[PDB]
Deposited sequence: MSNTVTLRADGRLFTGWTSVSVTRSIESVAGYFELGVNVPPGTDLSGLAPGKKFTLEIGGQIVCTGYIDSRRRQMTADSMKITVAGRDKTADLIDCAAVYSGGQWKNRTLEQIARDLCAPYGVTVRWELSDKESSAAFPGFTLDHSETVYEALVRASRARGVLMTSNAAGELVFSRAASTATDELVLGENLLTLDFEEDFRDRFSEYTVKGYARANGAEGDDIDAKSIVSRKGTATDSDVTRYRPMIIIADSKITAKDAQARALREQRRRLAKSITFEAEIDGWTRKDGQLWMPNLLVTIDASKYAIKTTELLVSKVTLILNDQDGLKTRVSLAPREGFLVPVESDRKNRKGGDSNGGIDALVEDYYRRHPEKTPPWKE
């Protein structure tokens, strides 16, 4: 639909270039808009630091602060490029700070609340299982680490994913488990780039003399990878690390890059990551099972048209094994 940027209380529309990205791998979506402006156009509202809201046809798709403003000019004209990120960008950028220094008997959601507080970021817990909500006997910050880094460690200790959403909140969840969309070649799926790469896949991963391992049945030949770990590591944290490794490789090994027509799914909602979907390219013998959308890039160009780039990988690659500490 129509792209609108709400900044400095003002409203900006008419962008000739648009690119909005959001992925699981990150705790912050990114956006970038472009357009040529006639001399004498006030751009005071698109200044870095300005609070913004990025809307499309109405529904908000990103809220945070403007990161950058670029003006390229000649005697004749000027091209402006504005870029920003979800409020959660501060968590990725800045140090973890907590009046105390640690927590006692506090859950992940609770520790996140505290870390997020000074950044004015709200935490969104979308889990309803006992394991993930279990409290941490104790949790301590690690010298100057970012909020994001501290939370990766705690979230990893609870086997949950951390992401962000429009509105700019920190969301805790797990890879979608129910398929809700279908990509069909020739219809909503304009182009599909399916890549199966085993260069970094191993038959068995062994961490460190304590030890633990994870195997990968898809790798037909003997291909071991050894990971050196701390001497004092549970047979559990070993098996977990090993497994994390196997899944990370799976994720990067089996991938689909799809070009969708338009920006919305069948149900009208805008494409977003963490959606389980299926692909049908039968014409080329390709019909897939459950693929998780790891990333989405909504673009608008003159030589690209209104398209969405969707990256997908096996759901299993995004399950977070439980690792202590």
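Visitor: Which bits of the deposited sequence have no atoms placed for their C-alpha?
Guide: Those stretches are 1-2, 211-229, 347-379, listed in order.
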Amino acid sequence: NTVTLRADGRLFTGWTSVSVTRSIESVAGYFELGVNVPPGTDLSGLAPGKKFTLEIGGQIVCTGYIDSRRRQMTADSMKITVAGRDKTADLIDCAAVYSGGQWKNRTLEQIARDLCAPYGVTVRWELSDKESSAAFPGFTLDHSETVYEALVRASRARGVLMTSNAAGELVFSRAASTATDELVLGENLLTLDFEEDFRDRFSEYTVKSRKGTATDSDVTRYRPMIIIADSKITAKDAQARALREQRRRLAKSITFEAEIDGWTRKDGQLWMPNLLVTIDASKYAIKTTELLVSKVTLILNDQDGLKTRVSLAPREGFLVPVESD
From here on, numbers count along this sequence of modelled residues.
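Visitor: Compare the mean C-alpha B-factor of 47-55 with that of 64-72 as given in the PDB entry, and name the stretch with the higher value.
Guide: The entry gives the higher C-alpha B-factor average to 47-55.
Visitor: Taking the recorded C-alpha temperature factors, which stretch has the higher mean, 124-132 or 228-236?
Guide: Stretch with the higher mean C-alpha B-factor: 228-236.
Visitor: Which listed residue, 83, 170, 175, 167, has the largest C-alpha temperature factor in the record?
Guide: Highest C-alpha B-factor among the listed options: 167.
Visitor: Return the residue from 154, 116, 141, 254 that has the highest Cα B-factor in the entry.
Guide: Reading the PDB entry, the winner on C-alpha B-factor is 141.
Visitor: How does the C-alpha B factor of residue 259 compare with the rest of the chain: lowest, middle or highest third?
Guide: For residue 259, the deposited C-alpha B-factor lands in the lowest third.
Visitor: What third of the chain, by the recorded C-alpha B-factor, contains residue 214?
Guide: Its C-alpha B-factor belongs to the middle third of this chain's values.
Visitor: For the chain shown, is the CA B-factor of residue 17 in the lowest, middle or highest third of its modelled residues?
Guide: Middle third.
Visitor: Looking at the entry's B-factor column for C-alpha atoms only, identify whether residue 195 ranks in the lowest, middle or highest third of its chain.
Guide: Ranked within chain, residue 195 CA B lands in the lowest tercile.
Visitor: What third of the chain, by the recorded C-alpha B-factor, contains residue 149?
Guide: Its C-alpha B-factor, which the entry lists for residue 149, ranks in the lowest third among residues of this chain.
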